[PDB]
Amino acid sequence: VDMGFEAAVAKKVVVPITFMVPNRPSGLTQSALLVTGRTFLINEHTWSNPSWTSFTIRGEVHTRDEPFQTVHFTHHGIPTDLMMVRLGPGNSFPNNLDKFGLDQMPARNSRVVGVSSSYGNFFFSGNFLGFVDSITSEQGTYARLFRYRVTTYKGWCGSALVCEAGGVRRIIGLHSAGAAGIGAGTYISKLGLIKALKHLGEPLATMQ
């Protein structure tokens, strides 16, 4: 059970983010995934909730009326729970692109490892149950997910999902939902990330 990769994910990728609201005594804390430069990945249902007035990430406070550049991923016309957010100028994130994406799909009942900063830092684990085209949720249908056998809790959203295929372990999801001891995470592809970063203007050298 080598977790050198997952520890690297915990060290460089997963961070706490807290949404501050004028509706409730405390901020809603979850996880975010630093991608590169000034962009990170976040759950759509958290980002789009109209209540928050600021959020904190990597020691910075950002208000809602700031001009974020964002990409909301869809699949065959159905929304996914995945959002990409680029902040204004500031201290750069690590370049974590090498940690995302698998070219082969994980073998059924291989091990999924979640990497979370939602309650302090922790890992969770469960076996891969396969991809699903959609889930039916309390906030509607969401597209392009995969499921894993493990009981998950409110706040674990945004945790990185590390799967294995072809001898390699990579992040291919972030946690979205739970239902009766089975969690669901929204799928992340390297090609989607690359094209979203280009749309957002996140400067990257292209390997020729």
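Residue numbers run from 1 along the displayed sequence.
- In this entry, the residue among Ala32, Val35, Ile172, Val168 with the greatest C-alpha B factor is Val168.
- In the deposited entry, the Cα temperature factor of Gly140 places it in the middle third of its chain's modelled residues.
- Per the PDB record, residue ranking by Cα B-factor puts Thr39 in the lowest third of the chain.
- Annotation for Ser110: CA B-factor lies in the middle third of the chain's modelled residues.
- In the deposited entry, the Cα temperature factor of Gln69 places it in the middle third of its chain's modelled residues.
- Residue-level temperature factors show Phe131 in the highest third of its chain, judged at the C-alpha atom.
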